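One structure is given here, and the rest of the page talks about it.
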Number of protein chains: 2
Amino acid sequence: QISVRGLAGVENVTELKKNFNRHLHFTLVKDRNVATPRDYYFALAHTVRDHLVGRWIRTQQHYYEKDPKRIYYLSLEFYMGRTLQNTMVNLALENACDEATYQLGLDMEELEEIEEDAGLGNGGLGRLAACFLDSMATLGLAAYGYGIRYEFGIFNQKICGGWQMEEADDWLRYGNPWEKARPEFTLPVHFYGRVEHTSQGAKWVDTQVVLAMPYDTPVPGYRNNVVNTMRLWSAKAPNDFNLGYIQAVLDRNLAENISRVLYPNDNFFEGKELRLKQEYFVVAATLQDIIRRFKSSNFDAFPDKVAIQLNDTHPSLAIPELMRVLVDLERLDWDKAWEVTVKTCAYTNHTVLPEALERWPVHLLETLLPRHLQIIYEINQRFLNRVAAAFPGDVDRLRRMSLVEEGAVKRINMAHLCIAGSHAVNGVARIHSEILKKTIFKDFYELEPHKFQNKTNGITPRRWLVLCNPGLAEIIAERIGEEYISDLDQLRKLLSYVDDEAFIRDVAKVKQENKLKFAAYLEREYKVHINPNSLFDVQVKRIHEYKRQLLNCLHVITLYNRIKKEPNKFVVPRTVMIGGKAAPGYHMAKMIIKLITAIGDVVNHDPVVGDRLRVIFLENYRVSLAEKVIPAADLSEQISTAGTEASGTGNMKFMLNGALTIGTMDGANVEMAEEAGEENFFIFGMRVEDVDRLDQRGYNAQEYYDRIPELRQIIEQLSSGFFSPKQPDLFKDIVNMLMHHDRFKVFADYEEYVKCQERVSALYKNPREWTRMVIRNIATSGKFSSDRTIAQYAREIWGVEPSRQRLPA
Amino acid sequence: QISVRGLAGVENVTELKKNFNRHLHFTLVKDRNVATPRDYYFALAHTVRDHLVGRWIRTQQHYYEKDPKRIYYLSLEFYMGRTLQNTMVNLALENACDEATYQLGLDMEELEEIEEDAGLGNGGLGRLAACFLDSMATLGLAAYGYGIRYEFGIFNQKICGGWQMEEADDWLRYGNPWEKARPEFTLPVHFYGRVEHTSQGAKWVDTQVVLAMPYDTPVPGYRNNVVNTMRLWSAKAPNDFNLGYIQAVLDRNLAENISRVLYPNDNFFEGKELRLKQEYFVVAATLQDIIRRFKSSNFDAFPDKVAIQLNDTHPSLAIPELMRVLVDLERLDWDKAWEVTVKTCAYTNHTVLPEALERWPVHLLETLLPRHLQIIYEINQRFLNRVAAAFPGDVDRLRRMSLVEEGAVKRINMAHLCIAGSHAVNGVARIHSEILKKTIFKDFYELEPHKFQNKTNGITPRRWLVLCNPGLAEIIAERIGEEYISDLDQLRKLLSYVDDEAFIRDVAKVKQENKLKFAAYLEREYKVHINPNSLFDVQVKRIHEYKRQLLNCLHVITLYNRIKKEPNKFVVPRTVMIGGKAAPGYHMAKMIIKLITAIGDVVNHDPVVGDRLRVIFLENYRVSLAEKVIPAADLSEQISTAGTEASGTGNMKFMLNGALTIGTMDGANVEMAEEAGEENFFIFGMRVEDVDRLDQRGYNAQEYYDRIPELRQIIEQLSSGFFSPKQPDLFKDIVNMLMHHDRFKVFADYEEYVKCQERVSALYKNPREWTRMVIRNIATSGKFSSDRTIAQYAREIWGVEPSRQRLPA
Ligand SMILES: Cc1ccc(-c2cc(=O)c3c(O)cc(O)cc3o2)cc1
Ligand SMILES: Cc1ccc(-c2cc(=O)c3c(O)cc(O)cc3o2)cc1
């Protein structure tokens with residue numbers, strides 16, 4: 001129907017239908033009479049997968065022929081979402097498949113909805129990995145995603161009585177048609193044991209073996225016929241394992257638990273053994289695989305053929321592991337092995353928040369990875385010797401920079417390990433990268449300034465525009481062509497259309513259609529009635545104190561109280577939608593969810609309010625829900641305390657999809673405002689500098705409570721039980737935190753937020769000027785493409801040249 | 001090459017090759033350069049599976065159209081072995097696939113060897129299920145095998161220092177291409193809880209739910225285009241299960257352990273909770289499925305549409321479960337529900353050995369299945385009331401016949417439950433069925449003589465002749481045609497060829513070729529040197545006291561001692577091969593294995609012996625090894641104490657494949673000797689009557705030790721450490737048992753065994769007369785086809801007529 005979805009040729013369509021009917025019969029062992037919609041999804045999935053195979057084989061063949069430098073993206077998270085539509089998009093099969101299925105009397109949209117999300121990630125960090133894979137394939141890089149095939153991904157979130165409940169994400173129940181098991185590439189991973197010092201170096205012995213079995217998933221580039229690989233490792237017990245008999249067999253589960261479940265913490269460190277096992281498991285299996293590929297091309301050339309990107313410190317053990325292989329197994333001298341390691345590895349930092357910092361107790365590493373600890377101590381000694389030589393007598397520096405933290409229990413700072421063992425350390429937005437150099441890694445910067453880079457995050461415009469927002473994609477394509485999808489900078493051409501009446505009409509029309517479709521989706525799946533003519537005010541992201549959903553809650557209650565004070569005065573109608581998962585053990589995050597729903601219970605049922613104000617908690621926020629709600633959004637809420645949100649990526653998704661941003665000068669917000677112009681952005685609140693000023697003198701929340709009557713009223717309402725009639729003291733922990741222990745200074749930004757929100761409403765009253773500002777945002781969103789990001793990684797870190805040239809089909 | 005393997009048409013071969021190359025590419029994502037032999041096996045497996053699909057869909061469709069009476073074979077064991085060759089055989093694709101693969105430069109035989117056995121069984125009972133499925137498909141019955149998809153089947157057996165070691169049978173590691181998951185047919189199974197008595201009857205509440213997910217495997221009939229279903233249930237935890245968070249996810253394993261591992265006990269009851277869970281799980285999921293199919297055709301008609309065969313007492317809970325559904329859920333009156341149950345269910349008994357009898361502690365059923373216990377007590381009360389009325393004043397009868405056994409702990413006799421709740425009780429050989437009526441079920445017979453039947457066991461001639469012994473199949477086909485494969489009685493026509501020089505030559509030639517091939521197989525896979533001109537003396541079956549491998553050991557040591565006494569005297573050369581698995585906790589069985597190997601260590605390394613005597617323990621005896629060694633055998637050892645082996649089926653396999661039988665008048669041996677003639681059988685030892693005579697007066701083993709010098713020498717050798725120089729007392733437990741606690745009277749049969757073995761050797765010296773006797777055996781083996789067995793089940797128990805008519809392709 002629409003052009004950017006590709007051609008529906010008579011040949012293609014005939015062929016797709018034939019193969020659909022083939023798979024239904026032979027693959028699914030079903031006829032048309034007994035088939036469920038799930039069968040139909042599977043038939044289509046297999047049919048589309050068939051188009052990947054040739055390209056997948058050719059691409060891997062090609063990388064063998066040409067032997068390019070290989071990029072290894074190590075992450076414990078790949079937040080992939082659904083694969084079907086994305087595959088169709090990148091292969092240009094969407095319209096053909098739409099037509100083929102239509103003729104079979106099926107709605108492709110309905111079939112797409114049957115696919116489970118591969119939710120093998122928590123949030124930003126995980127989704128960045130996913131976007132990166134897409135971009136790396138699109139830019140023709142010989143790149144491999146390496147991670148863990150979790151049996152269970154991020155929990156499914158149910159709301160029960162306004163509270164979050166967690167359900168196991170059994171995503172593999174019905175099978176995964178996208179993966180291919182490679183049992184022939186199974187590799188041993190070792191744990192426990194002890195170190196033995198012989199004549200011929202150190203030997204790790206008496207270990208427990210877990211096997212790592214790889215599953216390969218294709219990563220198609222955008223219309224270039226490149227298909228890269230995501231390899232995820234599954235834990236399998238050896239056959240001699242525990243080998244009364246029955247219990248031995250049952251106890252194989254112990255070993256296989258390693259790949260069982262994704263830890264559901266966002267920007268939080270939990271020092272659990274099972275977590276460390278996951279970290280070693282992925283690192284050990286990957287490095288063996290890397291080295292095997294390399295040897296089928298001495299170690300001098302390793303860094304010319306291998307780049308390893310560490311996604312946060314989660315795979316930091318790659319550094320000691322690479323040393324261990326090089327020193328203990330390959331018998332290189334320390335210094336040479338170290339050179340190779342440093343020149344191979346690069347570290348991306350994702351946050352400065354201290355509770356996220358991985359600091360592993362020594363006693364844990366001692367038991368689990370005895371050899372790796374020795375190697376870490378050796379790295380620490382040699383590193384600290386360089387520091388001593390550069391800064392003679394600066395004993396405090398030595399203490400601050402040590403990989404080993406002294407204290408109650410000794411810990412390893414994995415971030416320090418990463419900086420020491422990497423040739424490049426990058427942040428994920430300009431302000432974040434600057435903060436790293438100014439604050440938490442100041443000492444490291446002073447020693448090795450050359451290591452520290454910026455690589456501002458991005459999002460794939462494939463998933464995050466073409467896929468989720470085809471109507472916007474099309475109207476843009478009608479003006480400026482299709483080239484922009486793989487070259488997002490071309491969106492600037494839209495600036496010359498800012499005074500075009502037809503384009504203004506189109507932008508606004510697409511937004512209205514998206515809103516209608518989302519409001520419909522709500523009624524179908526979660527029976528709730530929302531006004532589509534209202535401003536869609538959405539905050540979707542993990543629930544955190546630092547992300548300040550609470551600040552949003554305060555505004556929501558403010559609007560409510562203002563309506564009640566003056567019922568018969570006009571206000572711009574809003575639907576306020578907040579969505580996100582709390583980590584299961586994060587009490588405050590779980591309380592915030594409850595507050596959100598508790599406000600809804602009051603606001604949504606007040607006759608005086610009408611449909612002027614609605615508060616909706618979006619249940620089970622995940623990738624596939626982001627694809628629905630983001631296109632439908634008017635106002636993007638990016639309201640973290642300045643200095644807390646390293647980058648964000650949600651911010652970029654909304655900008656690309658025609659929502660305006662209300663936000664702080666935090667993370668990539670700063671660069672978005674820079675690109676679009678401050679006049680086209682609803683910037684409010686303290687800057688980083690302001691927060692520092694407040695910290696130096698001390699943050700007294702009472703002062704704000706005393707001086708802002710509107711704020712006082714809200715706190716009195718929370719305390720007295722206005723929002724919890726049956727349990728008047730329900731929200732005492734919220735009030736107490738805001739008043740006495742608020743690290744994120746919610747009250748400090750309250751006044752500027754509310755005022756700035758008034759300005760949003762004022763602009764919304766003028767549809768034409770709203771839409772013109774929207775155009776200025778979309779048209780300057782080009783920088784925030786992961787294509788740009790990966791291009792910068794490739795040139796400035798990995799030392800490879802990206803390519804837009806197509807492989808032969 | 002050979003005719004019974006079907007046509008290799010130019011069209012067929014071209015088509016198979018095209019589809020092989022298709023699957024390699026699309027299914028396995030491999031090209032010819034990277035493919036392993038395992039890939040090639042998989043490509044062929046998928047290609048052959050493609051030929052099943054059409055027939056599978058049509059057959060199930062047909063059963064919906066015609067709505068025939070449905071047979072449900074409930075077993076906890078299906079010893080299927082490999083599927084590929086069997087599928088090819090039954091579809092007539094063998095030669096075409098041989099040709100197709102040959103042209104692709106591959107050896108099909110090598111690819112076949114890559115397939116894992118589906119070892120979801122222990123021995124006789126399990127293999128009988130498998131043969132039955134084949135026969136039921138071949139005889140056009142609307143039949144379904146129902147069982148458990150164990151993640152791990154019967155352990156793989158390694159010999160280490162002459163001792164059995166067990167390894168996990170991880171048969172699903174590389175995937176199973178034969179199964180199809182049916183998640184849409186997932187069903188809840190309940191455990192624990194408590195009973196609540198309301199106004200409207202009893203209610204089972206507060207239960208723990210496990211889900212049962214079915215996997216369907218095709219069962220092709222022989223060349224009739226019928227494909228029946230084996231449905232095996234897998235345990236899956238519900239998503240709300242245990243739903244800190246991490247542990248909850250990990251604890252899903254608890255629930256899934258139900259389908260994890262097959263209990264590796266042969267004819268032995270182990271009263272473990274996990275075992276009872278397996279028994280309820282398969283019964284609960286199956287009965288729901290049966291009832292669902294039935295309702296898509298009141299309960300009056302259930303037995304006209306449903307037969308349920310219980311394979312031993314393992315699925316005895318089907319009786320209380322059917323009552324529970326009918327009474328508690330469907331709200332039928334007790335008496336009517338009972339009528340339906342009895343008319344639906346039939347019980348096959350597999351042994352009289354008391355340690356095999358399932359006697360479940362009440363406290364276990366009380367906790368796990370509270371409602372089923374109440375129903376059992378109710379059955380018991382009503383049953384005992386009928387007994388009281390028939391035998392007034394016979395209080396002892398009441399005690400003997402009770403479903404509930406009084407004692408230290410109360411137990412339920414599941415065999416009593418089965419007799420009470422079934423319209424038919426059958427043994428598995430004439431002598432066994434008679435023993436049931438005379439001894440262990442005398443009381444039950446006296447009450448309901450009409451219930452007790454015989455159904456002598458059989459083996460499928462497809463697997464056990466055509467598949468494993470194509471050369472024998474062919475030479476038979478050259479004379480009498482191919483019809484015999486589905487009508488084994490036609491083998492009688494071979495009696496008219498007993499004096500044909502050409503046929504005698506052919507029978508002997510095939511035997512020699514089989515021996516050469518097996519002797520080769522030994523060298524390749526287990527580097528050992530055997531004389532192919534020797535008599536192949538084989539005993540393969542589970543290791544048991546009752547099966548008397550020990551008696552065989554005594555003979556072996558006797559031959560050895562005789563050679564040593566007179567080195568320069570001629571003896572017929574023998575290779576003695578004993579194979580079988582011991583249950584992991586069966587100490588005596590594990591000692592016997594050790595003795596066997598210990599004899600080998602002495603005999604096989606004695607220079608004086610030469611190649612006149614070799615003792616080989618066949619490692620990892622399983623279905624696929626039976627297919628190799630049985631065709632190669634000359635003498636079949638069936639030497640159980642009379643009254644112990646209910647039937648046996650190994651006996652029949654050897655008879656079909658041109659080995660002579662040395663054996664006791666036990667089990668089906670009696671009928672084999674009857675069919676072939678006693679003069680064509682090496683019958684020795686006590687009859688049942690003789691054993692009874694010995695028991696009445698008492699078995700004193702000392703008497704035999706005192707009177708038989710040859711026997712005394714052997715016992716002195718065992719005791720003094722002739723066979724265990726380093727550990728002189730290794731075999732004290734063997735000696736002590738034989739002397740003082742031998743339930744199986746090894747010494748009593750010793751003299752007649754050795755003498756009868758002398759007669760075997762004498763006949764072997766005359767090849768022509770040996771072969772003529774072989775022909776008389778093969779030619780009278782027709783009765784022992786499972787086709788005959790199933791035909792008798794169908795007519796005399798199930799009330800359905802078998803059919804040899806083909807379905808349209
Ligand atoms: C700034 C900031 C960041 C993260 C957190 C956080 C995140 C968690 O997931 C979390 C948890 O699972 C258990 C717990 O006891 C505390 C926790 O705290 C708090 C504050
Ligand atoms: C006649 C007869 C039959 C079966 C057995 C038998 C079989 C077993 O599997 C077994 C076992 O696993 C553990 C054990 O302690 C004893 C056992 O005894 C013994 C004698």
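Order of appearance sets the numbers: ligands from 1, and atoms from 1 within every ligand. Reckoned from all heavy atoms, side chains included, excluding hydrogens, waters and symmetry mates. Letters A, B, ... mirror the listed sequences (proteins, then strands); counts begin at 1.
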Margin query: I'd like to know if the side chain of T641(B) reaches the main chain of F744(B), judged simply by a donor and an acceptor atom lying under 3.5 Å from each other, with no hydrogens or angles considered.
Written below: yes
Notebook entry, point to check: Which option out of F268(A), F269(A), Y263(A) puts a heavy atom nearest to atom 6 (C) of ligand 1?
Noted result: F268(A)
Note to self: Show me which atoms of ligand 1 lie under 4.0 Å from any heavy atom of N267(A).
What the structure shows: 3 (C), 4 (C)
Item checked: Matching residue for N669(A) among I639(A), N651(A), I431(A) - test: side-chain contact (heavy atoms from CB on, under 4.5 Å) -> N651(A)
Notebook entry, point to check: Which protein heavy atom lies closest to atom 19 (C) of ligand 2, and at what distance to 0.1 Å?
Noted result: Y586(B) OH, 3.4 Å
Notebook entry, point to check: Side chain or backbone of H544(A) under 4.0 Å from ligand 1, or both, or neither, by non-hydrogen atoms?
Noted result: side chain
Checklist line | Heavy-atom gap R743(B) to ligand 2 smaller than 4.0 Å | finding: yes
Next item on the list: Taking atom types as modelled, find out whether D666(B) and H432(B) have a side-chain donor-acceptor pair closer than 3.5 angstrom.
Entry: no
Item checked: atom 14 (C) of ligand 2 [closest protein heavy-atom partner, distance rounded to 0.1 Å] -> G585(B) O, 3.6 Å
Next item on the list: Look at the aromatic rings of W360(A) and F269(A) and report parallel, tilted or perpendicular, splitting at 30° and 60°.
Entry: perpendicular
Note to self: For atom 3 (C) of ligand 2, what's the nearest protein heavy-atom neighbour? Residue, atom name and distance, please.
What the structure shows: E355(B) CG, 3.5 Å
Next item on the list: Number the atoms of ligand 2 from 1 as they appear, then name those within less than 4.0 Å of a heavy atom of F744(B), with their elements.
Entry: 1 (C)
Item checked: Under 4.0 Å to a heavy atom of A583(A) - the qualifying atoms of ligand 1, by number -> 9 (O), 12 (O)
Notebook entry, point to check: Quick one: which of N311(B), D312(B), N267(B), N457(B) gives a side-chain hydrogen bond (donor to acceptor under 3.5 Å, both in side chains) with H350(B)?
Noted result: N311(B)
Next item on the list: Report yes or no: is the cationic atom of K581(B) (NZ for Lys, CZ for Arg) under 6.0 Å from the centre of the six-membered ring of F155(B), at an angle within 45° of the ring normal?
Entry: yes
Check: Can you tell me if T644(B) uses its side chain to pair, donor with acceptor, with the backbone of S640(B) under 3.5 Å?
Finding: no
